[PDB]
Amino acid sequence: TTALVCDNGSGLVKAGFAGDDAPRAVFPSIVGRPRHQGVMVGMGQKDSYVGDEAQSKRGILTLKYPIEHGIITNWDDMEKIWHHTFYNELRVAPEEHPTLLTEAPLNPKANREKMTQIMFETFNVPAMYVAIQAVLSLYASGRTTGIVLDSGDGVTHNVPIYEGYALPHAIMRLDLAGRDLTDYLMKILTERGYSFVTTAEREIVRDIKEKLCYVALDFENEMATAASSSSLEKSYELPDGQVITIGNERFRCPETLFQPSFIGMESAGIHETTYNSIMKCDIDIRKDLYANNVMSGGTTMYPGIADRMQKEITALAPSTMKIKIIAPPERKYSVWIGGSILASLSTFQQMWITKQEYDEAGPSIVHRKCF
Amino acid sequence: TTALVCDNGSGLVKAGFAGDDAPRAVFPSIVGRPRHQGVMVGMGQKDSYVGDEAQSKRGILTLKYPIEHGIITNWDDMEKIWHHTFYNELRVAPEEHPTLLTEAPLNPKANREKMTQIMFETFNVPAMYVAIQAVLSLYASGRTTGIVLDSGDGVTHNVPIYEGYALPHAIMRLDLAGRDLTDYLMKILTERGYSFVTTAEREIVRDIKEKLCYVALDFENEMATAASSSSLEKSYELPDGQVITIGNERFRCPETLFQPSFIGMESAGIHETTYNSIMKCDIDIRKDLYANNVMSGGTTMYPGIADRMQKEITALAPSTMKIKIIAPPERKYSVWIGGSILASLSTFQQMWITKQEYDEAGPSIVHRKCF
Amino acid sequence: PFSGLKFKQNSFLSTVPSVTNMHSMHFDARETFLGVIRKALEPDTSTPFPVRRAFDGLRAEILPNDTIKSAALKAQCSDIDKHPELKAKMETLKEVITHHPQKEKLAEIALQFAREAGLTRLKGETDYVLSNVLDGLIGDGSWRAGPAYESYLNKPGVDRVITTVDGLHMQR
Amino acid sequence: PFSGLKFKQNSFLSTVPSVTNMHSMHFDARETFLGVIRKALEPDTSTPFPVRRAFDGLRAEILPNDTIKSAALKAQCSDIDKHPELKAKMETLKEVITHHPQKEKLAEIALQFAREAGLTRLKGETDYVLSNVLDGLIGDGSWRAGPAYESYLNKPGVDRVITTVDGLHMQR
Ligand SMILES: Nc1ncnc2c1ncn2[C@@H]1O[C@H](COP(=O)(O)OP(=O)(O)O)[C@@H](O)[C@H]1O
Ligand SMILES: Nc1ncnc2c1ncn2[C@@H]1O[C@H](COP(=O)(O)OP(=O)(O)O)[C@@H](O)[C@H]1O
Ligand SMILES: [Mg+2]
Ligand SMILES: [Mg+2]
């Protein structure tokens, strides 16, 4: 039987089959409900919209994300999305297909326990297994050593792994990701008179961020250049035909990744988080981890992010060490590819959690067999 | 020299001298122009009317508000408003007085830039300063800790301050204020056959709302009572001698503040906005922010609003916290009182934006010496 | 029986629909309302796992998510007396609602559906599933009377008013 | 003159203030920046004792911590000719700042202080100590022209974009 590697993220649901190279279905993880009163007989009959439909009809819907900060908070919507991604997108019958899921480190135990309970009771899957997102991202990169900085819509976590060993005491997490960047962009776009308050307008701002933002090599040099001429200004087209123009806001929005104090967070920037993470590893390992920085995730797709991260870490790292950022072109789908590789290995077949084991111990069993 | 305080709010304009207890001039912020063709020569007609003069002759004028949702749309009208405020109500010479201004938080920066430029060129003021209305509101109440909910004619915003330190990332802003309530009442009054469409009749609806509306402690309980008997009915006399009677419209019109979805807005009610703003601050300052709610502005003069706010916040907050809502009887002029207090403090005299500074820096100086 | 159960402070607020949709042509008042109470009744992690597992089974048989599950509950509940098992299973759910810390907030939500959407249209002959939930929220049993409505037919204060626009066009 | 002097790697990172507090109404940017500079210049243990003591004395006499000492020093920094031999120690200190391995990071910190807090306000009439520190950090003297701020009055890319909320309450 073929495994269904299904990655659930804060922003996007990446699903597919084991052994493939690319996911087959990628739709945003949103659920939409109407907010205006219908008047036409027939027509509107659905109480909820999921996936691309909720994205297409966003003019008349309120969109809620079931996942925030990588922790599921609305379980009914999550169950709805799981049903959709199995019966209407991959065209499969979960009863005859083992499934693989993903979860960020340092999550509440109840989240994973519930997830196991839902998977074995509302879907009757043959087997399941929850793997750390950063760990899977390393399988796709074809390495056994290196530190992984997986940042997407929910969290930005670092997990160093050396020679098939993960040092858990150096795992760090930060609830600063794409959604926080979108909120900051919405906050600063009001400096130019553009107001976005509704959920659909939040999606529009998110699209602007994806299509116009970039990370500056020198924040100061860039702000000075933007304030000297109009070279950095660009124009974006709203869906109703109005045109907006953004100047320094293009690179101030992703600067929050390097200066979390912009959004009022006391925590350090990602470069300093990575530097602290390696320094908690044993002194004999730091050299290999300096030279295998592997990035993966939607927030890791801002153009120029690799150069800024390399510059900052080299500023922090010792002079004699070599710093090498690895940013593969498919780092948006690194986690899914790594999951497909893991589910397709022969030795991994002894690590599934089957229904017989589930019934004996209960969801709890998931802590024992999964890292 | 004597300082001038000018609170150019969306609906009314408050002006006076620093060190006073009350404003000296308060007139509506409306500019009116004739809409009928004149036939009698000799009396003479001005092309426009400003302030109370435009109110008296409103039967032959179209009244245009120069300020909409807190942002100055028409600048020529605002220039005429300031001309009036300086030469016909306070009877002063602008060049011989430092003037202070107010601005709603999170407004476009072009607004304050043009304000500074206009005051430093057209009127040649020796010194000026732009303050945030919530901060002045907190000065007026003699407190240094608390969360300010200033709800005027165009903007309703929250600004939490602790020990003289503000938290900008927790500041909320909602474009739901008195003018939207007036529009909603104008729409609802058509249910009883009363139709008001002209700009002059908008003012009459505003007076009805001022003199006959109140916020119900229990909305569903109040609606049932007004549907059962005629206790809540009251009658208002139109300027032409006709009499109208309004029933449950009295407490439905202000309910938009707590249920914005009535007028098609997706935002949450002002109680929920206050709770969200409090919750975004540090955990160690929530106890003090719960117990120092300060309301100010015209929209907070509906009878019974304080009790409804206390009930809603207590329903939202944990049980062991103490909720105290502060509603001073002179809260309609809290912003101006605070402005008068700030201009009369010795330590503040070093913070003026002198003409020299503006000349050297340019209208951009407003973004440095002002918050 | 279900001691040690705690709930989130305010989590059902994200389930109530807009007042507008509450006037929509095919708005399901019963199904959505049972959704609001169910999201409120979701146990918090602070509950011990043995206690939490017990309540989740109770919510899985009386307030489900799938449409067919609620449809089957609506069918066999007409002559509910033939199933004594559900009568006790429904009562133990009612006593939990009465002690909910946010009962006052949930009481208002029920009345908002009744007046705007029409949740209490049957005013005494409901599904007996919606009955106990309302009975748990407000114990006075006054929702069966129906929501009082204001009638504009009588017009004690009828005031024919000729405003600006109405004065350009009249008769007699 | 200080052959063998060494420092730590990121000892000064814990002193850089938050950007939010950097806009405080009563923020004294000069004291914070000099404190950052001093903390970056603290010698390490591996430095030989005589050199370490000499450099500690130099830092103490040129960059003190007491507010009264800093004010007294700034009083006589207006005229350096009336106090000879002060430039020699000042030049000796300014020499070692350029050889700091963290020159780039320190220069970026100074640039951030300029734009956010307003470190270079006099931009040509600043005090001797701060000007010399800035000259040591950046050798081109480009901090005297100002942070090159931006004016949102050029009106270049505004469209009065009517969004969802702005569509409701609008005139003409
Ligand atoms: N090319 C891009 N540039 C900038 N941001 C992007 C890009 N592509 C995706 N994103 C952002 O990354 C976020 C999450 O992407 P992803 O890594 O798939 O999240 P998850 O890991 O939760 O699935 C989205 O919110 C999206 O806005
Ligand atoms: N007694 C009252 N009851 C209800 N509303 C009032 C009352 N007094 C004033 N208002 C409202 O306050 C608004 C203006 O108050 P104010 O805060 O001074 O506006 P601004 O801040 O724009 O000057 C008016 O639009 C009016 O509707
Ligand atoms: Mg991810
Ligand atoms: Mg005001």
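Residue numbering in chain A adheres to Swiss-Prot, whereby the residues present occupy positions 7-377 in order.
Just so it is clear, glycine is given a Cβ too, placed from its N, Cα and C backbone atoms.
Summarising the annotation, Swiss-Prot assigns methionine (R)-sulfoxide to A:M46, A:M49 and lists similarity to another entry as the type of evidence. Annotated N6-malonyllysine per Swiss-Prot: A:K63, in sequence order. Annotated tele-methylhistidine per Swiss-Prot: A:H75, in sequence order. Summarising the annotation, Swiss-Prot assigns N6-methyllysine to A:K86 and lists similarity to another entry as the type of evidence. Annotation comment: Swiss-Prot describes A:112-125, A:360-372 as region 'Interaction with alpha-actinin', evidence class experimental evidence. Feature annotation from Swiss-Prot assigns ADP-ribosylarginine to A:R179.
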Measure from the Cα of A:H75 (tele-methylhistidine) to the Cα of every one of the modified residues A:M46, A:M49, A:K63, A:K86, A:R179, then give the nearest.
-> A:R179
Could you tell me which of the modified residues A:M46, A:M49, A:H75, A:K86, A:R179 have their C-beta within a distance under 6 angstroms of some atom of ligand 1?
-> none
Name the one residue among A:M46, A:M49, A:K63, A:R179 whose Cα is closest in three-dimensional space to that of the residue listed as 'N6-methyllysine'; these are the modified residues.
-> A:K63
Secondary structure composition of the region 'Interaction with alpha-actinin' (A:112-125) [DSSP: H/G/I, E/B, coil] = 11 helix, 0 strand, 3 coil
Cα-Cα distance linking A:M49 (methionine (R)-sulfoxide) and the residue listed as 'ADP-ribosylarginine', given in Å to the nearest integer | 46
Given the modified residues A:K63, A:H75, A:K86, A:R179, which one's Cβ is surrounded by the fewest other Cβ atoms within 10 Å?
-> A:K63
Rounded to a whole number, how many Å is the Cα of A:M46 (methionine (R)-sulfoxide) away from the Cα of A:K63 (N6-malonyllysine)?
-> 16
Which one of these modified residues has the most other Cβ atoms within 10 Å of its own Cβ: A:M46, A:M49?
-> A:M49
What's the CA to CA span in angstrom from A:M49 (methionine (R)-sulfoxide) over to A:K63 (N6-malonyllysine)?
-> 13
What are the DSSP helix/strand/coil residue counts across the region 'Interaction with alpha-actinin' (A:360-372)?
-> 9 helix, 1 strand, 3 coil
